[PDB]
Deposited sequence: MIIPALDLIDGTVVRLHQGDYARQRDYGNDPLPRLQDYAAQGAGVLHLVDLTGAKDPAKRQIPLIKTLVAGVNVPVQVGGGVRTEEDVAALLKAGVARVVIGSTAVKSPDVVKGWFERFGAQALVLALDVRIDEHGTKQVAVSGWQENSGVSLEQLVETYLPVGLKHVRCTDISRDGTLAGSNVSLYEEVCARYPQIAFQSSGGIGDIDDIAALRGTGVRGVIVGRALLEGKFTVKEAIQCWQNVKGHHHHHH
């Protein structure tokens, strides 16, 4: 499915910064109205300072739509995960902590269940062609491949992985490769959607979810058009 996404800084919708106003709820509602089955929020404020996690805003946004929302942004502890779920989020997106403390995060899978957690990985394809995991675009590789890290969490029932290629718009071997290798996992693609043809290009790769953020804000296409393209 198409997964429309917003990034939020102190209540403001931003592009990766470009300011798109302080109306996240009507935007999300219109995404849902066009048929989106899942939405994605990134709490950039919380990612910078966990004490400033925008729980009240997140609570309002979730309450204001009729579809599950996956939310990420500096999720560091068990308490972070529980607080988001409690605020009504459907799935918590775990990024750097999943690279840095797998034994701890494996425990979270056991407590919350794999249906409640999405593992978000940044991938650089190195000179040799290995899928190197990195915790952000501005940090060096962490010394683990995408496959190794995925296989670390398969024993606790990993179901949802969000992959961003940070070595690369999409108009796809990477997605074809990992989706074929782990057909029991639903992979999401993030980044590289500049226009509608980028979505078409992901068709057939095996990717389950296509995250779309800035192209919608920029008015390149609508959620309805993205879904029509995706469903072909």
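Novice: Point out each run of deposited residues with no C-alpha coordinates, keeping the order of the sequence.
Specialist: Missing from the model are residues 17 to 23, 176 to 177, 181 to 183, 245 to 253.
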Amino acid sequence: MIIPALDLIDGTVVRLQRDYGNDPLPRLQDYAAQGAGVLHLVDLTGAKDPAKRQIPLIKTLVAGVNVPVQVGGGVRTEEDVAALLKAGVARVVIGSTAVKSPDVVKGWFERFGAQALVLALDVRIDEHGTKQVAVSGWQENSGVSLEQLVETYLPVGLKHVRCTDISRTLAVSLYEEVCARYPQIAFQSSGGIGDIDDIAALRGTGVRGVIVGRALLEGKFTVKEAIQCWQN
From here on, numbers count along this sequence of modelled residues.
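Novice: Return whichever of 197 to 205 and 36 to 44 has the greater mean Cα B factor according to the PDB record.
Specialist: 197 to 205 has the higher mean C-alpha B-factor.
Novice: Between 127 to 135 and 113 to 121, which has the larger average Cα B-factor in the PDB entry?
Specialist: Result: 127 to 135.
Novice: According to the Cα B-factor stored in this entry, which of the following is highest: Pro183, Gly64, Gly192, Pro68?
Specialist: Checking the PDB record, the top C-alpha B-factor among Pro183, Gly64, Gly192, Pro68 is at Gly192.
Novice: Of the options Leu216, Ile211, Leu25, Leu16, which has the highest CA B factor as deposited?
Specialist: If I rank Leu216, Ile211, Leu25, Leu16 by C-alpha B-factor, first place goes to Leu16.
Novice: Which third, lowest, middle or highest, does the C-alpha temperature factor of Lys100 belong to within its own chain?
Specialist: It falls in the bottom third of the chain.
Novice: Which third, lowest, middle or highest, does the C-alpha temperature factor of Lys106 belong to within its own chain?
Specialist: According to the entry, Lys106 has a C-alpha B-factor in the chain's lowest third.
Novice: Of the three thirds of its chain by CA temperature factor, lowest, middle or highest, which one includes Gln29?
Specialist: CA B-factor rank for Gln29: lowest third.
Novice: Once the chain's modelled residues are ordered by C-alpha B factor and cut into thirds, is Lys159 in the lowest, middle or highest one?
Specialist: Within its chain, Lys159 is a lowest-third residue by C-alpha B-factor, going by the deposited values.
Novice: Taking the C-alpha B-factors as the PDB entry records them, is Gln188 in the lowest, middle or highest third of its chain?
Specialist: Answer is lowest: the recorded C-alpha B-factor places it there.
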